[PDB]
Amino acid sequence: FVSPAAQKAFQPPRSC
Amino acid sequence: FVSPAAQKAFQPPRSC
Amino acid sequence: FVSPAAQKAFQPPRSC
Amino acid sequence: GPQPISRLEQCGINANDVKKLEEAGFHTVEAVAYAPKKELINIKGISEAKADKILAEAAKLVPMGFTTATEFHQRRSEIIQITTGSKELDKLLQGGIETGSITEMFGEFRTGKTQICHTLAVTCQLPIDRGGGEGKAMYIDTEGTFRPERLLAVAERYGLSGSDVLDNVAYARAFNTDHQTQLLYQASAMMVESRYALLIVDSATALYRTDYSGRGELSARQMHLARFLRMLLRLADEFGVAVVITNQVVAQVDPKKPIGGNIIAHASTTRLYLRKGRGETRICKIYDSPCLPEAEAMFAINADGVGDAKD
Amino acid sequence: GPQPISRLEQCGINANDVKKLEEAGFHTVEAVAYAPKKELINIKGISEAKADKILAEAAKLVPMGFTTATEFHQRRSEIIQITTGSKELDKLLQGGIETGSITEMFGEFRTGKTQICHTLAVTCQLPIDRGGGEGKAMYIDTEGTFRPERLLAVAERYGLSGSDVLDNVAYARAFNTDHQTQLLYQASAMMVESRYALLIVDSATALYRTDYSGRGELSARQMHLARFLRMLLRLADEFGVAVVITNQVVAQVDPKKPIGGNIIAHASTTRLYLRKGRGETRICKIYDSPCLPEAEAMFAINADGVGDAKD
Amino acid sequence: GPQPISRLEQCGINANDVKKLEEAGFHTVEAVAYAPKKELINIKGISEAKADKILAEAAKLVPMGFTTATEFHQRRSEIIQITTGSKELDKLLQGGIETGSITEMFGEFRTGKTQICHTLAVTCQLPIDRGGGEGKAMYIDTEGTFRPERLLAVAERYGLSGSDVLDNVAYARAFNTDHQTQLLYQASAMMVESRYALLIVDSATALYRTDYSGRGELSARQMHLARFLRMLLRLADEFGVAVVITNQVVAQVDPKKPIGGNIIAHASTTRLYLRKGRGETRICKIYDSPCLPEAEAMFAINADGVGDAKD
DNA sequence: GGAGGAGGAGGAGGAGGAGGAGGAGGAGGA
Ligand SMILES: Nc1ncnc2c1ncn2[C@@H]1O[C@H](COP(=O)(O)OP(=O)(O)OP(=O)(O)O)[C@@H](O)[C@H]1O
Ligand SMILES: Nc1ncnc2c1ncn2[C@@H]1O[C@H](COP(=O)(O)OP(=O)(O)OP(=O)(O)O)[C@@H](O)[C@H]1O
Ligand SMILES: Nc1ncnc2c1ncn2[C@@H]1O[C@H](COP(=O)(O)OP(=O)(O)OP(=O)(O)O)[C@@H](O)[C@H]1O
Ligand SMILES: [Ca+2]
Ligand SMILES: [Ca+2]
Ligand SMILES: [Ca+2]
Ligand SMILES: [Ca+2]
Ligand SMILES: [Ca+2]
Ligand SMILES: [Ca+2]
């Protein structure tokens, strides 16, 4: 199965 | 073989 | 080889 | 806990087949799902089509797909770490002996491999609040050096019923390497009936050094050991127990190397190197781990098991 | 990116057939073009004539003819190389881990195979300006040694949102070799929906050593591994990801050899041999590559992933 | 006692096969059960199928499964500990020399390794009420320093018939390491016919230092010694005798180390380090044990064997 | 109505283990 959070597209990791 | 005392489920060890 | 006296069974040592 | 293999009958498997999966060593749905198609074909009554159905139905009951590191980080933050009875040692391991994984402790003689295993055998029965795992202890022993009196000593330290502590430690002595592997199949049967937190093989490699003496027996030796370690990982993934194996050392010809070759080194996730300190104190070093830095600690073997250095 | 297989419907393919190509694992036009006629015939509904049409139309949408080394040198000069988090290591690789290719890292235990994979899993999300690939990370794990806390450490070093970094790493655990290959077909489905830069199989050979234990299972073992490696090349050509597999070692009887035989050696374009240095430092050697000279470097495993030797 | 191997005939084994198991060194059902499948295949007449049946039937006559620490603590609380003839020494060992295990005593010259073995050879014949084992003594000697007059001295102290005491000590002199191992196979034959309580090898390592002189003979030396120690454990588990081996020492280059390497150190459960005191007094230290704390005692070599320090 | 015939095609590595060995005197004085 595909996790509903793994199906989401690549979001650029913000700065911390 | 399985010991008849090893087949028994985990009992929480009391306080002494 | 087995000694004929070593083949004999354990005898309880008497008291002296 | 894991799902008993009986749950396959409510999914389209003939109960006569579930019984055949039972003689092959499968007692949970997870063990059947994690198994290859090849492993089920090797069973007598099972055919090519049955294994396809058995695997398809098992796949539905246990998740074997992708997740996110977020979900996995959340699930791992809830994992049990059994206390080693030593604050300084638990701090080195960042909590204690981690479950669902294979931990290996090696060292010279007297360095505390059997003594840590006897402390772990008790402290795994402690409530999680006290640093335990709330499960039984399984102690496969290949040397004959299992001392229940060392368990009673650790029990008194934690104020537990010594009689009840000895009732939660399942003990088996292995006499050769074939027996050592055979005992793991019975372990899988028991771990469904009762809750176990820790599995101990002491020593996991001692018998391999003399069952396979020859020069040309080396490949067969490491292959048989690889299967044993593969089966330990099975029990760790199936039941979530903490597998703790011990290992003996050897001298460097060209200064102490653990035996077992690359097989034991790749398989164990955490490797603990134990040295002799002064008196009753010992030194534990992180020799290999995915998450812990290469550091050291100093514990002691006391009259009540493994504890902190009393000085 | 690649073209979704739906684009075949605008070319004369019945959408009922594109659905059958979907169950066979084809989700892009490239995957269907790169496929043999034989592979499509093995599908149920597809006939001899359909595959001829499906291949003919797929051939028009993706170029499969000759070009010049000039055009290929130009296109390759724009290829992404993901940073290894180590200047000295990136200089050895002349940029970093090269995408569209299979890179293999092997070595003894503790030498940093899992630690490099955890650094690569983060630094692939960096913007290309910082040495990344601006894509997600896929981490197929066959040992159970995936630690999301080691990702959060590498994230802090590059000042990235640890929560966002864990959201871009898709994690799957493989339990046997059949499952390990099955996970690659789902990988092909996911890589169309989202942008992935890196695929990690750790370890790609660990499970083959015990799934195929016998002496006569050797050919079947290397054949199954050859198909897995052939499928990794498929994903690397289809999506342009960087495939990074790890490998275990063995002892030389007549001093450390990677396992997998000639199959793994011919298939991997870059092979990285990792040794243990002193303390936390490790030594990476170019073991095989089409373009890099046989050289060495010295990196270190730090509290924030793989970095340069801190001394 | 153990079950004679003849009991396999009442279970489906051809008496012609039991005779072949006899020439291979198996004289009890336990010895055959504890044996690997591999060990029986190496016999001439035995086939793959026979060993499967022989092992299956042997498995039924002797328990080789799990029990509880309770049952094992109960069974161990009934184990015999032979007195060392010294109150202060017995208190150090918490009872005396424990049966079913390998005890090793090492030290410099004159420190009493041969003198303790001569006291143990007599006090093993005492009734259990007096601290004995009520069995015969077997004394494998590799140095030529077996003195029956030292047995007669210990007999007078306990008021036993010196002639009867010398009738219960079976003596063999080993001239090389091959002979030393060969004598253990004959030991297994004798221990079925008569009841033995104690087995003594003095010294267990003396001949290994010169049979394997070379630098490249080191692995072959420790391998041959490992098999000898593995066979001593066999006799200890099969017959429940107390195995007491002695060991020589060496100087530390970088102050007294026992020889035999890690093989002898891992194999022996209890290691006794003997020092020279003043006059006739000696100091025994617990060097390794699963249950005894690292402590010391002070015994003496008197005109009637090992006793307490007379002062 | 009738009347058979034609072979061929290789491949696939893996597996560490093993310590031991002591030695060497000297320097008067109120
Ligand atoms: N009750 C006790 N109190 C204190 N120290 C003890 C006690 N029992 C054993 N010890 C010490 O613990 C050490 C034995 O450690 P352990 O039994 O774990 O050995 P090990 O590492 O398994 O060795 P081996 O390779 O010989 O099996 C020895 O130093 C011994 O003196
Ligand atoms: N947080 C950390 N800080 C420092 N060093 C660490 C940290 N986590 C792990 N290490 C070190 O990294 C090494 C582990 O490397 P890694 O997990 O990549 O092993 P591997 O090559 O995959 O081994 P194996 O074949 O056993 O799986 C060990 O030396 C360990 O001590
Ligand atoms: N009858 C006796 N009465 C008193 N002391 C004795 C007597 N016989 C031997 N001894 C003393 O016992 C010591 C000999 O001990 P033993 O024979 O056990 O040596 P060991 O430890 O085996 O030495 P080695 O390594 O040389 O074989 C010597 O100090 C010797 O003087
Ligand atoms: Ca031990
Ligand atoms: Ca490992
Ligand atoms: Ca790893
Ligand atoms: Ca290559
Ligand atoms: Ca002697
Ligand atoms: Ca030992």
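All chains are named by letter (A, B, ...) in the order of the sequence lines, taking the proteins before the strands, and each is independently numbered beginning at 1. Side chains included, hydrogens not; waters and symmetry mates left out as well; all remaining heavy atoms used.
With E:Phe109 as the aromatic partner, D:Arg271 meets the cation-pi criteria of under 6.0 angstrom to the ring centre and within 45 degrees of the ring axis.
Summarising the geometry, atom CG belonging to D:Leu229 is positioned 8.0 Å from atom CD1 belonging to D:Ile263; distances are rounded to the nearest 0.5 Å.
Among residues two or more places apart in sequence or in another chain, the salt bridge (charged side-chain N to carboxylate O under 4.0 Å, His left out) test is passed with D:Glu108 by D:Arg110, D:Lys256.
Other residues, nucleotides and ligands contribute only 12 or fewer heavy atoms inside 6.0 Å of the CZ atom of F:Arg227.
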When the side chains of residues 200-207 of chain F are checked against the rest of the protein, which donor-acceptor pairs come out under 3.5 Å, sequence neighbours left out?
| residue | atom | partner | partner atom | Å |
| --- | --- | --- | --- | --- |
| F:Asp202 | OD1 | F:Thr246 | OG1 | 2.4 |
| F:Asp202 | OD2 | F:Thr114 | OG1 | 3.3 |
| F:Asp202 | OD2 | F:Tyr139 | OH | 3.1 |
| F:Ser203 | OG | F:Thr205 | N | 3.3 |
| F:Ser203 | OG | F:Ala206 | N | 3.4 |
| F:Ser203 | OG | F:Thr246 | O | 3.2 |
| F:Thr205 | OG1 | F:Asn247 | OD1 | 2.2 |

Per-nucleotide protein contact string for nucleotides 11-18 of chain G, where B marks a base within reach and S marks sugar-phosphate only (heavy atoms under 4.0 Å, - for neither): -BBSBBSB

